[PDB]
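In: what's the 3D shape of this:
(chains A and B)
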Number of protein chains: 2
Amino acid sequence: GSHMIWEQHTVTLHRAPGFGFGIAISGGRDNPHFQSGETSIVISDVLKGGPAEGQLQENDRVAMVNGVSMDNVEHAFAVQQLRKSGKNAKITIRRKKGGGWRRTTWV
Amino acid sequence: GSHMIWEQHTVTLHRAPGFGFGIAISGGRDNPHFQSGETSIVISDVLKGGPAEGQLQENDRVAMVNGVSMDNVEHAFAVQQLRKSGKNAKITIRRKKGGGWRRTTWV
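Out: Numbering: from 1, shown residues only, chains lettered A, B, ... in the order given. I have put the structure below:
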């Protein structure tokens, strides 16, 4: 295991016909993760071969959309900021790396 | 998503030559999970086609080994309780089900 770090990535997505931006938005201060209590806006899924393929990943935390902070915002507010975008959505995310435990032993 | 539940399972494992019980032990009060801070003893991995196959799963929390509680014990104490077992190890675990979020929206 290793201590957590979060790599920051900024991308610009373009809408595809019938797919939208092709990302699933979860989290929000009024919509915490059931296991952790975490309130961050989160990319919880990514559409296969959609606009976000190879750019965004499951579990990415959304920090900003088109210059608007996602810090401690409600679910609908994040959804509305993305939905109201035109051809492009500029999105900055933090992507977790690391985890596990200091010690693990096979028995 | 759904609220978490943990299904309790008790199994009796028998050692196989060259594999032991075929489980990886992590967690402990002196060995918390790097992301969650969780101190439970945890089955963090299971050997392919070993004694535990189809019986224990990655992320199972260990509650008891051979009548000895694992509640808030140190990593080495859990390891020693398993290691000192003869042919059989009776193990009770709690297995998480559920998670996610109340709301998820595709954009």
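In: what residues does chain A have near chain B?
Out: Residues of chain A lying close to chain B by Cβ under 8 Å from any Cβ of the partner chain are A:1-4, A:20-28, A:31-36, A:42, A:44-45, A:47, A:75, A:79, A:82-83, A:96, A:98-107. (C-beta placed from N, C-alpha, C; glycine too.)
In: let's see it at 7 Å
Out: Proximity of chain A to chain B, by Cβ under 7 Å from any Cβ of the partner chain, involves residues A:1-4, A:20-21, A:23-27, A:31, A:33-36, A:44, A:75, A:79, A:82-83, A:98-107.
In: going through those, which ones are buried?
Out: Listed as buried from the residues of chain A next to chain B are A:1, A:20-21, A:23-27, A:31, A:33-34, A:44, A:75, A:79, A:82, A:101, A:103-107; burial here means 16 or more other Cβ atoms under 10 Å in any protein chain shown.
In: can I get the helix or strand harbouring residue A:78 as PDB, trimmed to CA atoms?
Out: Using DSSP states H and E, residue A:78 falls within helix A:75-83. Extracted in PDB, the C-alpha atoms of helix A:75-83 (Å, rounded to 0.1, in the frame of the first residue of the first chain):
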ATOM      1  CA  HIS A  75     -25.900  17.200  -6.900                       C
ATOM      2  CA  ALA A  76     -28.300  19.100  -9.100                       C
ATOM      3  CA  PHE A  77     -26.000  22.100  -9.300                       C
ATOM      4  CA  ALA A  78     -23.200  20.000 -10.700                       C
ATOM      5  CA  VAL A  79     -25.600  18.400 -13.100                       C
ATOM      6  CA  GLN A  80     -27.000  21.700 -14.200                       C
ATOM      7  CA  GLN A  81     -23.500  23.200 -14.800                       C
ATOM      8  CA  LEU A  82     -22.600  20.300 -17.100                       C
ATOM      9  CA  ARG A  83     -26.000  20.100 -18.800                       C
END
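In: wait, isn't residue A:28 in contact with residue A:74?
Out: Yes. With contact defined as Cβ atoms under 7 Å, residue A:28 reaches residue A:74; the gap is 4.9 Å.
In: more crowded one of the two?
Out: The residue with more neighbours, out of residue A:28 and residue A:74, is residue A:28; 24 against 16, by other Cβ atoms under 10 Å in any protein chain shown.
In: OK, contacts around that one?
Out: Residue A:28 is in contact with A:39, A:41, A:73-75, A:78, counting by Cβ atoms under 7 Å, 6 or more residues apart in numbering or on different chains.
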